[PDB]
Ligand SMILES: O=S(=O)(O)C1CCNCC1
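There is one chain below, alone, in C-alpha cells, taken in the form deposited without the ligand.
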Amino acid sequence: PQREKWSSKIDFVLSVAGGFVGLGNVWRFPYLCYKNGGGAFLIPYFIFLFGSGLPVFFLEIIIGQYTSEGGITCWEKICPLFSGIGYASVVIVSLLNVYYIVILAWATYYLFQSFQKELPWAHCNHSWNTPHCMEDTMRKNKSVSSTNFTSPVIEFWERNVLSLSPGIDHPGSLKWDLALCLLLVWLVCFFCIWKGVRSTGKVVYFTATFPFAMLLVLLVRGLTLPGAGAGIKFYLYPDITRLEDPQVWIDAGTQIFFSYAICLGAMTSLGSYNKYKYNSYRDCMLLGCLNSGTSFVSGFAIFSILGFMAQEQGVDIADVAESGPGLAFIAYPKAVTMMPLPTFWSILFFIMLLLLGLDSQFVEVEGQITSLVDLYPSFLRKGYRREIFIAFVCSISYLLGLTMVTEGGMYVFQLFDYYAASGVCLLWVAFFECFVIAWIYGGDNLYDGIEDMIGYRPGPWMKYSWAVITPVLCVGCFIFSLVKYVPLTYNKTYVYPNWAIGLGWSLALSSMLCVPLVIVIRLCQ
C-alpha cells in the first residue's frame, strides 16, 4: 500500500549505522566526561547502559516492527490515553535539529578555512590574537604571569569563529560568514532530501568505511603521542567522592539516551519498515555493541590528546581545555597539526565529521517529517506539497538558528544543549515509556508477539529491566537533582542571570508538559 518496506536488511543496517553514529559519539561524550571529573563518569554510564540503553532501544525497534507506524501513531494502538510521548519526542527532535546543525556549520567554516598553505590555528600572530597569546611549544619555558597566558587554538575558537561577548545580555552583531555556512549546510540537506539523493549503490562501502578508518588513524596518532598514559588514567580511574553529586549521574544517564537516539521518534520509524518475520534481536544487540564501542574507543583517543596537551602546557588536565560544547574543536584540530601534511588530514577529518553528522541529520529530519506526515496522510505524503513543507521547515529552522551565530550565541548554544534535548526531559520520556510498557500493556504480553516475530522466546533479562531498573533509576535521578540544586555555569565561570535560567526551564517544560497536557485533554473529552 502507501506504506513501503525495506528492499533488504542491508538498508536497515546501513540506515541505523549512520542514524545513531555521528557527532554524539566523538563530540558530546568527551566534554561531558571531561567536565564531570573523568573516570567517575564511567560507572553510572555502564549502569545506565546495561539497565536501559539496549532495553529501551530494542523496545522501540520492536514497537516499530510490531505496529508498522511512526513515533506518534504507535502509542495510539499501544495505549491511547498515555499518548503524548510522541509529541514530546517530536518537540525534542525539533529543538535538537536547530542547534545540532550549528556544529555542522562550524565544521564547514573550519573546512573552508583549511584551504590554504598554513592552518590559521597553528600559530597566533593575527589581528584577533591577544597580546597574552604565545605558542604551546614555548609556554613551559621558565621565563614565560602563568595564569593569564593563552594558547592560539583557544583564542582562534573564541574570537575568529565565535567572537565571544561578555555575556548573554550583550548579543552584539550578527556574523555573516557563519550565516552563509549555515545556509549552505541547510541547502545541502534540502537537496539530499528533495531529490532522494542517498547512499544507494557502491557508495555505501566508502560512506561506511572511511569514517572508521579515519577514527583508527586518529587513535593510532593519539596513542603514539607522549603523555597519553595520564589521560588514560584520568579517563578510567574514578573518584568515589564525586559520586555523591547528582550532576555526574544525570550526565551519564543522558549520554546513553542521546547517543542511541532514544526518545526522539527515529528508531520506531526505522523499525516501522522492517519485515514481520525478522530477527531484530541479534542485529539490535550487535548495533548497540558497535555504538557503545565507538563512544568508548573514541574516548581513548580524545583523552590521550587532552593528556598530551596538559603535559605540554605545564598545567593540570582539568584546566587545559574549554570544558564545554567546543572541546572537540580544540582537541582534534590540535591533533591534526602533528600528522604529516597537516592540510590534507585536516580536510579529511572535517569531511569525516560532515559525513557522520549529515547522515544522522538526514535520519532524524526524515524521521520527524514522516512522524508529522503520519498524522495527516491526505494533505501530506504528496508531491509539491511535501516539497514546500520541507522548505518551510528548513527556512524556519535556519531563522531560529540565526540566534546562535551572533557574538553572544555561545551562551544560547550551551543553554540549548543543556535544557533542550537532554537532562530532565529525556528521563521523563524514558520513564513514561518503560512504565507504561511494563505495567499497563504488560511485559508478558510482548514476549508472545516477540516469539511470533523472531521465532523463539527471549530470556527475562529485559522484562525486569523494563519494569524495575529503569523507573527506579529515573525517579532517583530526578529526586536527587531536585534536592541538591547547582546552577549552570558556562566554563565554570559565567553565572547565568535569573531570566536565562527561567528561559531554559521553559524550554525544558515545553517538552515535559506534553504528557500531562495530552492526558488532561483526553480525560476532558
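In this text, the rigid core denotes the largest set of C-alpha atoms whose superposition between the two forms falls within 1.5 Å. In case it trips you up, residue 1 is the first one in the sequence shown, and so on.
The protein also exists as the form solved in complex with the ligand; that form is not presented, and the subsequent description refers to it.
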#### Entry: Non-hydrogen atom contact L96 with the ligand in the entry with it bound at 4.5 angstroms
yes
### Query
Would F20 show up as a contact with the ligand in the entry with it bound if we use heavy atoms at 4.5 Å?
yes
### Task
May I ask you to check whether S199 falls inside a 4.5 Å heavy atom distance of the ligand in the entry with it bound?
no
### Task
Using a 4.5 Å heavy atom cut-off, state whether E364 contacts the ligand in the entry with it bound.
yes
### Query
Is every one of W106, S163 and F329 within 4.5 Å of the ligand in the entry with it bound, counting heavy atoms?
no
#### Entry: in the entry with it bound, the residue from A261, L353, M410, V102 that sits within 4.5 Å of the ligand by heavy atoms
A261
### Task
Please pick, from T370, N274, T207, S360, the one residue with any non-hydrogen atom lying within 4.5 angstroms of the ligand in the entry with it bound.
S360
### Message
Only one of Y447, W428, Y278, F296 crosses a C-alpha shift of 2 angstroms between this form and the one not shown, counting 2 angstroms or more, core aligned. Which residue?
### Response
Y278
### Query
Is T200 one of the residues whose C-alpha moves 2 Å or more between this form and the one not shown after the core fit?
yes
## Note on the structure
Output row for the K202-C284 CA distance, |change| of 3 angstroms or more in the entry with it bound, reads closer
### Query
Against the shown form, C-alpha atoms of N279 and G459 in the entry with it bound: closer or farther, for a change of 3 Å or more?
farther
